[PDB]
Each structure stands twice: as C-alpha cells, then as structure tokens.
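**Q** Sequence isn't available, so here's the structure alone:
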C-alpha cells in the first residue's frame, strides 16, 4: 500500500473541494480536474451557462474517447472503474443540465452499474460514498416529478449512507443537503415513516436538523425532551468499553447529531434543558477517550452556561466547556499520533477551535490546562497549515491591500465554506485591536480570506466588506478604502449608513471637503426619511447622532465656527426625536446617556473655539456632568482658556494610558513648579507616548503623537528624530475630521 496512499490523499483533497490533483494517474488527475471545474460552476450557483456546458461537455467527451486509447491504466483494473464512475457522473450532470434526460439517465445508470460491480480503503470508501450519493441526487433530479424524486431519495439514500459523515467530506454533505432540500416533511415522525427507520436513529435526526437549518423562520417545533429521552435510552443500552473493545456505536453516533443540535440551540439562542447535564456526564462515564463526546460536551456546556442565571453554575459550565475542549484537542493529537498519520476531521477541528475562541476571552484561561493566546496562535497555524497542505489558494499580505484588483473566488462545499469564513472572521475579531497585525497587513488578509468564499449571507458579506474598508482606513490607505467602499459596498447597498459615514470620513481627508459635506447632508436626509416616514433605524440611531456631529464639524471647518454655532440646536432637536422619554450595548460607553455627554462636549469645544463666550462652554460641561473622561478632557482644555489642566489630564491618563487627546493635552502643557518636576512629567509623557505607539493603532497613525514624540527626540539628534518627523508629516496629510470610531456602530 505504498502508492495507494498518494491516490487516497488526492481523493481527500477532492473531498474538501480541492483544486489541484497529483494522483499518480494522469487520467485521474484530468478527470478529477474536470470534476473540479464542473463543481465550481454547479456547486457555486444553480446554473452553469451553455458556454460552460459546451466547453466542459466537449472536454468530457474528448476526455472519455481519448482516455479509452491509453493503457497504463490496464496494469491497474481497480482504478479504472473509479475513473469511469467519476466521468459518467459528470456526463450525467452536463446532459441533465442541458436538458437531455435520457442520455443523462444512461450515463448515471452506467456509473451506478459500475458502482455495484466494485470490489477498499476507508477514504476510498468515503469518496465512493460521495459518488453514489451524487449519482442518486441527479438520478432523482432527472425525473421531473417531485414524488418519484422523493421516493428514490428515501430508499436509496438510506441504502448508501448509514451514518453522519465526517465534516471533512464536504461533497457528501453537499449532496445530502440537496437531497434533504428536495424532500418535504414537517416533523420527524413523517421522516422516520418515509424512511422506514426508527425515529431514534441519529442519521434521521441529522437529516431533520439539516432541514431545520435549510428552512429559516418558517417554523419551530420543540422536541428537546424527546431527544433527551432518546439519549437516555441509548445511554441505558450502552456499556463502558472493555479494554479489548470499542465505544458503543449508538452513543458515539448520537453525540454527533447532538453536536449539530447544540450548535443549533446556541446559534438560535434558544434555551436547553438542564437535565441534559446528567446525560453528558453519563456519556463521559460510559465512554473512554472520545473525541465526539468531548466536542458534544463543549457545545452543550456552552449552552448550559449561557442559559443559566446562577453565576456559579455559569462559571462552572464555562470551565467544563473549556476543559472538554482541551480533552478534544489532546485526544485528537493522540489519534494523529498512533491511529493514523492523518487527522480524522480537520474541519471539525478548526470548527471546535473557532467555537471556543468565539465564546471565551483571555480571562477564561486556566493555569496550565488552557492558554488563550496559545490557542489562538495554534488556531492560526492550523488554518494556514490546512490551506497549504491541500493547496487551497490563500491571500498574500501585500495583495490584500487591494480586493477589487486582486479578487478571486473560491468554491468549497457549503459546510466547509461556512466553517472557514467563520474561522477567518473570528480570528480577525480576536486580533482586531493589536497593532502589529494591522501593520503586518494580516488583518486585511484575514478578512480577505473570509471574503474569497463568497438575507443571511448578504449581511455577512456587507459586514465583512465594511470591516475591510474600515481596516484599510485605519491603515491610512484612504484612496483604496474610498474606492472599495464606493464601488463595492455602497453601489447597490444604500440602506447602509455605516459605510456612508465611513465614506464621509475618508473623503474628509482630502483638502477640499464639499464632497464629504454634501454626502453627509444627503445621507442625513436619507436617515431622516428612514427615521420618520419609514421605521428602519435600530443601532443606526447612534450613527444618526454621530453623523450629525460630523456634519457640524464639516460646517465648522468650511463655514467658520460661528455659522456652525448657529446650526447646533438641530442636534438637540434630533436627539430629542431619536430618543424619547420612554442602551445600544451592555457597557456604559454604549449607553444612551453617554451620547448626550458626547454632544455636550462637542458643543463645549466649539464654544471654546469661539473666543467670545467661555461661559457657554462652562455651562455645556456642567450640563454634561450633571447627567466621564471626555468631560475631564473638556475641563482640562477649558482650564487653559495652568495646573488644574494638568491634574485633569493626569486624571484622564490614569484610567486609560492610550487616550489620545489626554496625551496630546498633557504634551501641550509640556510644550509651549520645580525644573525637576517638569523633567519628571516630561519623562512620564515620553514613556506614555512610546507605549502608545506600540499598543494603539489610533496613536500610531496620529500626526500629533509623532509631532510631540519628534519634539522629544529633537534635542538628541538620532535617526528616531528624522523618522518621527517623516511620519508626522506623512500622517498630517492623512487625517479625517473625527476619528473613525464614530462610524463604527
């Protein structure tokens, strides 16, 4: 079996949606390549166009007729049958899609006949299983009737697929999902009657859950207690594996369906029954070193954690979830170690990592058992290794800087696509705030990789694209952020005020701001229509207020501070309208009152720009406080208009080192009492700025921070002075009116 393994690996890659094949058999390479292209067009969208049907069908016929002539296949009769199965399946696909049902049926039935006359290995078994499921799906497709399709699907699908497939078998998953898509059934009883199998069979329940993911918002029926009884039944029938035996198949197989079920109950955020706890514990006692029970326990314990109100039970369930994840990983490692030199299910692996990294933070780490950062680095490494092993295309760091030019589309099975997009998205969510990954162009690459694999998904794409543009804007790649945002996101998604505000801010960077201003105006009007005449705003209420503030700032720079003072009352009227007398997030920075404080601070600062009335600014600040860091910054700048300002700025800097305007103000006081006092304060300020350049993105790309940092590096004449000046000059030209944070809502 020295050579059979390379062919096997080829088949594995193919089962993941693999693009490149080196089977060892050029015939197999070519036919698998054919299947790959055919699958690109067919799996991606319903219709391969007649130009694609023409090129691929001619390619296929040419392939079969040319193939027959060659003979190095002859030496191996086992392989030739496989190649015929694949090819005739493809022919069946094309002939069906052009509308030639009898010829398609001929090819499909031929492939079927070859399947029945098949003399295997585990992975070859998996692939063949895929082939037959595809063959069944399209054979059912050929008959125009719904009922015939359903019947043959019932009998034959149960014939060919006994158990829940590994998530690594993306294709088999696709065709199971398509078969289930064509199947109409309301509840599980009908499903089990139609399939003539027990209502308890985990595969039946799995198909049911697939039909539950497949139909959104149309129903819900509650069968939690029923599933629980089934589980208890399979628990009673199960017994602990003797050291010369394997774990009970029914329990082990049930727990996978339970992975899907608990994932469903978490994504839907429905509650789950507490007694389930008992079940899983028993499922851990009656089982030895199980991967499936570990993952199931991970998901379930996450559910039990979220659904609880008791804090001790919440933390306990969380801890148990994390521990079960660790068990999952180590058992997987031992499997990779002895049971095979391959992993069982890398997709499930990456999914598990994705889940635990999603639902836990750095605080959740355990002393020796679990390390968050380690789990994240390992996650990234496993994703990258996965991509490189099966030669799936990945986005370079440099190429990630432009998506319009460098866009490529990848087509994987839906489950795999989902898992991977979610993986990259969550990895981004984790490393989103760290500067080193933004500068390394890693974040743009992550988001990009999540984008390659592409309503539900419509909003997903929208949010990914926005996050990408915003990430580009942070990096001060304003021209590219504007182009992507403009053409890609806002052309045919005008309902999206987030990207309008981001676009406004990006256009604010250009010396002439009438574009930004008029955009903010029209968009503001659109948000007024969407506010009042039509009911649409939810999070966008905040976006509304902050957008209005941006309008004010724009007016302020364009029409002078007084003419801008005239239009201030509109904001308070707007606020009164948006927020009646009868909390966007769970924090105080995300609470309704905080907005009022922000607006008042804005007005105050403008009142400080107008040198005539300082009392208006004082009153504004008083009103703001009578409703906490920006109020202090306001008091600090107001005190200049001595040492009280210093106290205020120090007070702000105490609670958050990286505060920008606190640092800037502090530096302003230091750059136009003992001399030793100023030397100490100066040193502290320096330390602060140095930490900020290494921690905060906002500080790194700030012209003022580099200005004062240069001012420090002035009296030394080192290279750091030169480069600080270069950076400050560069960034002076690439600053928006307000920070980008105020479009992120």
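**A** Perfect, I can see it now. Numbering: from 1, shown residues only.

**Q** Could you pull out the helices in the stretch 151-300 of the chain for me?
**A** 170-182, 188-195, 202-214, 224-237, 249-267, 276-285, 291-307 (DSSP state H, counting those that start in this stretch).

**Q** who's in contact with the residue nearest the centre of the chain?
**A** Nearest to the geometric centre of the chain sits residue 425, at 2.7 Å (Cα atoms, centre = their mean). Shown in contact with residue 425 (Cβ atoms under 8 Å, 6 or more residues apart in numbering): 446-447, 450, 464. Heads up, the C-betas are built off the backbone N, CA and C, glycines and all.

**Q** again, only this time at 7 Å
**A** 450, 464 (Cβ atoms under 7 Å, 6 or more residues apart in numbering).

**Q** State the helix or strand in which it lies.
**A** helix 414-430 (DSSP states H and E).

**Q** Direction-wise, compare that helix with helix 170-182 and give the angle.
**A** Using axes from the mean of the first three to the mean of the last three Cα atoms, to 10 degrees, the inter-axis angle of helix 414-430 relative to helix 170-182 is 110 degrees.

**Q** Start the count at 668 instead of 1 going forward.
**A** Yes, from this point I'll number from 668; that puts the last item at helix 1081-1097.

**Q** now helix 1081-1097 against helix 869-881, angle please.
**A** Going by the same axes, to 10 degrees, helix 1081-1097 makes 60 degrees with helix 869-881.

**Q** buried sites along helix 1081-1097?
**A** Residues 1081-1095, 1097 are the ones in helix 1081-1097 that count as buried (16 or more other Cβ atoms under 10 Å).

**Q** same check, this time on stretch 1037-1047
**A** Buried residues in stretch 1037-1047 (16+ other Cβ under 10 Å): 1037, 1039, 1042-1043, 1046-1047.

**Q** ok, residues contacting it?
**A** By Cβ under 7 Å, 6+ apart, stretch 1037-1047 touches 989, 993, 1020, 1024, 1029, 1031-1032, 1094, 1097.

**Q** Among these, which are located in helices?
**A** Using DSSP state H, the members of those that fall within helices are 989, 993, 1020, 1024, 1094, 1097.

**Q** what's the most distant pair in those?
**A** 993 and 1094 (19.5 Å; Cβ to Cβ).

**Q** ok so, going back, for the contacts of stretch 1037-1047, I'd like a selection string for PyMOL - just the buried members, please.
**A** Command for PyMOL, covering only those of the contacts of stretch 1037-1047 found buried under the criterion 16+ other Cβ under 10 Å:
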select buried, resi 989+993+1020+1024+1032+1094+1097
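
**Q** among the contacts of stretch 1037-1047, which two are most distant?
**A** Pairwise over those, using Cβ to Cβ, the maximum falls at 993 and 1094, 19.5 Å.

**Q** so who does residue 702 touch?
**A** 753, 757.

**Q** So what's the residue count around residue 1283?
**A** Residue 1283 has 16 neighbouring residues, counting by other Cβ atoms under 10 Å.

**Q** Please confirm that it is located within a strand.
**A** No: going by DSSP: H, G, I helix; E, B strand; the rest coil, the assignment for residue 1283 is helix, not a strand.

**Q** any idea how far it lies from residue 1309?
**A** Residue 1283 sits at a distance of 21 Å from residue 1309 (criterion: Cβ to Cβ, to the nearest Å).

**Q** now the residue nearest to the centre of the chain: how far from residue 1024?
**A** Distance from residue 1092 to residue 1024, by Cβ to Cβ: 11 Å.

**Q** Equivalent analysis for residue 1359, please.
**A** For residue 1359 relative to residue 1024 (Cβ to Cβ), the value is 27 Å.

**Q** Check residue 1398 too.
**A** Taken as Cβ to Cβ, the span from residue 1398 to residue 1024 is 33 Å.

**Q** Please apply the same query to residue 1048.
**A** Taken as Cβ to Cβ, the span from residue 1048 to residue 1024 is 13 Å.

**Q** and what of residue 747?
**A** From residue 747 over to residue 1024 (counting by Cβ to Cβ), the distance is 46 Å.

**Q** repeat for residue 1017
**A** From residue 1017 to residue 1024 the distance is 10 Å (Cβ to Cβ).

**Q** Residue 1129 now?
**A** 23 Å.

**Q** And for residue 1390?
**A** 36 Å.

**Q** and what of residue 715?
**A** Distance from residue 715 to residue 1024, by Cβ to Cβ: 37 Å.

**Q** show me the contacts for residue 1267.
**A** Counting by Cβ under 7 Å, 6+ apart, the residues that residue 1267 touches are 1287, 1290-1291.

**Q** Please confirm that it is located within a helix.
**A** Yes: the assignment for residue 1267 is a helix, going by three-state DSSP.

**Q** if I pick the residue nearest to it when sequence neighbours are not counted, what's in contact with it?
**A** Excluding the flanking residues, the one nearest residue 1267 by Cβ to Cβ, 6 or more residues apart in numbering is residue 1291, at 3.7 Å. Neighbouring residues of residue 1291 by Cβ under 7 Å, 6+ apart: 1264, 1267-1268, 1298.
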